[PDB]
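*Asks:* Protein chains in written order, with our numbering: chain A, 1205 to 1659; chain B, 11 to 483.
We put the beta carbon where it would ideally sit given N, CA and C, even for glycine.
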Ligand SMILES: */C=C/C1=C(C)C(=O)N/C1=C\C1=NC(=C\c2[nH]c(/C=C3\NC(=O)C(C=C)=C3C)c(C)c2CCC(=O)O)/C(CCC(=O)O)=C1C
Ligand SMILES: */C=C/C1=C(C)C(=O)N/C1=C\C1=NC(=C\c2[nH]c(/C=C3\NC(=O)C(C=C)=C3C)c(C)c2CCC(=O)O)/C(CCC(=O)O)=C1C
């Protein structure tokens, strides 16, 4: 039921800032009940006097911003257009550092040097007590991979977390609204009145609201963890939530707007910088690589036909990919090399192969989670790779697999849930095989590219 | 073409607008700008061997000592208590140090246009945005952006200039105007500013690396003296103040932000600090728009691909099938005609040349450069006798279907277009070497060229084979 809470229409905001919803050919309609007080539906040309309405409205009408109360203070004006009406949020009220951190983020050589640099700067620009960089694995559980922190605050590096610490609907949001901050986690929520879209006749969609009332479930989270000031930035490699810059603080802390814009730009930089390294390991490997591969190709290219060619040098080509066993799978011809799974090799994997192929391949570390009955066969089938020969179908799919490996994984303790406390706790992990990056995959691809020459 | 020979990293001099120091590990300053006599009282032969701190403030002394600790600019050199600007680096094995004379509103202007380049939907909407922003912040009379071609010749593809400033837009430039070595370092030294071009260079004394047997490598120098030829160049062009930024898409010199000014003009560190970022942000978008278009070409190739799947499912000869779909799929990639070359069967669909298509193009095909393709925009160039059929075969694109023997070949043909390109020059008219005196645009109209294939159009053909294969199962 975790992916079921509707967080985007919460009908409230946070007390520190105040916001207004207006009718677009500008008159103002639906009000946040955080701002009527220290300053109901109303006509919009009716804001500070023409200085901050008019010039700021025309810039909003045609194509950030800086903004007369009884109390006479000064606010920050951020906005956006969404579900067809005009939003406007208000919160209370250097350059070298930013560029030099790009300049350092550009020279960083390894994926760790990229992140601990990323982690480094956005702490030095929010002062936050802890700035962790959080990569998602495929199952979208995570691991804090690098970390930069003030002393005396507990350290969470190399630490795995449930996928559940941020649920499914929460994640589209961070895939589309790329940044979020709550300064005090014990803010008493101040409602929006009404929560009626006057336009679409239903609750106030508060999606690109950065003042939005947040989940009490994740409020429960930070009174647990004991950090009362928190912000994050999501990391987007091609519309996919790759990971998160999760910032923390023992005490509440506000980061002002142009101060929060810099934080994000860093993540964007890492979003190529990672993509830089994603691709130069992708060609550092195809080289060594060719030297030995091309050899046992000409040894499989002793093709009067292939099995006497391949399986003669398969005991060599098996050693390439951690091939505990493999299988050839044509609908008619299934050929095993090495250690064999028998019947749901054919139907429960090839149908499993190209369906939701998505034109990309299928690889998995776990099978008892992707096909439940693989649990009995973990000793030879705990993890599986498969490459289509391509149309859906005949879709003749080749596949290599891996046995299970007993690794010990650390956790913010007991992933067994409501949660309570997150001290270090070990789980021995069964039914899991050891992974793949493309010095095996790009080998595997450059296997069947090479094979397909069997014309 | 000695152009590519002149050693430019060791001019033996720096520029007057600042002063430079060369120091070893323990701050024995080795060489110095010959205007340093006017700075501490000592003529240069006396600076030599002296220590750093004495030259300096007690404040500024320590603040460099810490910056050097980390195994990167900018400190301030208030040294005695006026304020200087400290850009440094290690190079050779010694630590260089260059010196320069003396928030928010600057920086809103940055993201306002950082996030502008993020929105840009075309290159030209992006580069009249890059060039626009560079100009808003370095106030240069003219801000051009320069595209490098395959030969390292170039083209002004966008431009922003204040009115009154004569325009070099859409103009081509020879590959000689930036010779080999300049590029070799513009790849690695991404920035250069020369603020006056009739400046009298301040030499460094000595011109010796004490570290090794060399003159002084002024590679990472912002202050290094440039070639006199490139100066006679810009007296000719009529712009007496210039700055360039290198636009690097992944360690290949892609192009250049070349700013110009009628009179001299200076850009402080911050000014061109933000500007190094603009070419950075821009080298990014170029790669996004590049690859975001590979997805919308992969888009419209959908409906008409589905066409020839149903046409090989029905006919099960792909030739019969695809060559029926021929009328459209060779418009998809704007090809004139194509041909399918199986070493056994050559079937020529639409417009195509005869018997030298076979061997003189499939033995030219891929050279067993397995990861490689083949193409041209002129074929009369490479098979000279193809000049005869240059009317139907001027450019070509051609995909293998295997490691040679089997050598299956698909190939797309494009005809000859009379396109008009123009430049300053006289690209043949390019004792010492000497730079051109006139830069008025001459037009040339080109014999035997196809339209430029893009990865845009290439990604099309690329997908075709990768489905023919899918089907053949
Ligand atoms: C299934 C419900 C949840 C469980 C269990 C849980 O632990 N949290 C749950 C719900 C939400 N989390 C929301 C935001 C959020 N969660 C995290 C989790 C982390 N913080 C960290 O510091 C680290 C790792 C170092 C993790 C994994 C983060 C970072 C965020 C974003 C905000 C922040 O910076 O803390 C969330 C959304 C609330 C809302 O937007 O209304 C929910 C519902
Ligand atoms: C055969 C010798 C040379 C001829 C002729 C010539 O024109 N240049 C020759 C050698 C060098 N050129 C150097 C630098 C340089 N050249 C250019 C060329 C252009 N500038 C433009 O604005 C445009 C078009 C709009 C072109 C085609 C540039 C940009 C530069 C760099 C400096 C700048 O921004 O003006 C050069 C290097 C000198 C040095 O810096 O050491 C040499 C040797």
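1) Taking 7 Å as the line, does the beta carbon of residue 202/B fall inside it for any heavy atom of ligand 2?
2) State yes or no: is the beta carbon of residue 1291/A nearer than 8 Å to at least one beta carbon in chain B?
3) In chain order, what residues of the stretch 193-208 of chain B put their CB closer than 9 Å to some CB of chain A?
4) Can you list, in chain order, the residues of the stretch 1571-1598 of chain A whose Cβ is nearer than 7 Å to any Cβ on chain B?
5) What residue range does the alpha helix (DSSP H) around residue 1481/A cover?
6) Can we say the stretch 442-462 of chain B touches the stretch 242-256 of chain B, given the rule of at least three CB pairs closer than 8 Å?
7) Grab the span of the alpha helix (DSSP H) containing residue 465/B for me, first residue to last.
8) Using only the alpha-carbon positions, how far apart do residue 413/B and residue 378/B sit?
9) Whole angstroms are fine: how far does the CA of residue 1355/A sit from the CA of residue 1453/A?
10) Relative to the C-alpha of residue 189/B, which candidate in 200/B, 162/B, 156/B and 171/B has its C-alpha closest?
11) Mapping the DSSP letters down to three states, classify residue 189/B as helix, strand or coil.
12) Evaluate residue 392/B with the Cβ neighbour count: other Cβ atoms within 10 Å of its Cβ, from every protein chain shown; 16 or more gives buried, anything less gives exposed.
13) Is residue 236/B closer than 8 Å to residue 203/B when the C-beta atoms are compared?
14) Check whether the Cβ atoms of residue 1603/A and residue 1530/A sit closer than 8 Å, and answer yes or no.
15) Going by alpha carbons, who is nearest to residue 1520/A out of 1542/A, 1483/A, 1538/A and 1650/A?
16) Is it the case that the CB of residue 1376/A approaches a heavy atom of ligand 1 more closely than 7 Å?
17) Would you mind reading off the limits of the alpha helix (DSSP H) that contains residue 232/B?
18) Whole angstroms is fine: what's the gap from residue 1475/A's alpha carbon to residue 1442/A's?
19) Along chain B, which residues have their Cβ under 8 Å away from the Cβ of residue 1465/A?
20) When we look at the beta-carbon of residue 1605/A and count the other beta-carbons within 10 Å, is it buried (16 or more) or exposed?
21) Going by C-alpha to C-alpha distance, which of 1490/A, 1491/A, 1488/A and 1515/A sits closest to residue 1500/A?
22) Which residues does DSSP list as the beta-bridge partners of residue 264/B?
23) 8 Å is my cut-off, CB to CB: does residue 1279/A come that close to chain B?
24) With DSSP run on the structure shown, which of helix, strand or coil describes residue 113/B?
25) At what residues does the alpha helix (DSSP H) containing residue 324/B begin and finish?
26) Output the distance between the C-alpha atoms of residue 1567/A and residue 462/B, rounded to the nearest integer angstrom.
27) For a test of your reading of the model: does the CB of residue 267/B fall under 7 Å from any non-hydrogen atom of ligand 2? Yes or no.
28) Using the Cβ count rule (16 or more neighbours within 10 Å means buried), how would you classify residue 109/B?
29) If you scan the stretch 329-410 of chain B from start to end, which runs of the alpha helix (DSSP H) of 4 or more residues do you find wholly inside it?
30) In the DSSP assignment, find the unbroken beta strand (DSSP E) run with residue 1352/A in it and report its ends.
31) Which residue comes first and which comes last in the beta strand (DSSP E) that contains residue 1205/A?
32) Do residue 91/B and residue 64/B come within 8 Å of each other at the CB atom, strictly closer than that value?
33) Using the C-alpha atoms, what's the distance from residue 298/B back to residue 115/B?
34) Where does the unbroken alpha helix (DSSP H) through residue 314/B begin, and where does it stop?
35) In whole angstroms, what is the alpha-carbon distance linking residue 185/B and residue 192/B?
36) From which residue to which residue does the beta strand (DSSP E) around residue 55/B run?
*Replies:* This is what the structure gives:
1) yes
2) no
3) none
4) 1593, 1594, 1595 and 1598
5) 1461-1484
6) yes
7) 465-482
8) 7 Å
9) 12 Å
10) 162/B
11) coil
12) exposed
13) no
14) yes
15) 1542/A
16) no
17) Careful: residue 232/B lies outside any alpha helix (DSSP H) and carries neither H nor E.
18) 9 Å
19) 121
20) buried
21) 1515/A
22) None, per the DSSP bridge assignment.
23) no
24) coil
25) 322-325
26) 39 Å
27) no
28) buried
29) 336-342 and 369-372
30) 1346-1353
31) No beta strand (DSSP E) contains residue 1205/A, which DSSP labels as neither H nor E.
32) no
33) 29 Å
34) 313-319
35) 12 Å
36) Per DSSP, residue 55/B belongs to no beta strand (DSSP E); it is in the alpha helix (DSSP H), 54-57.
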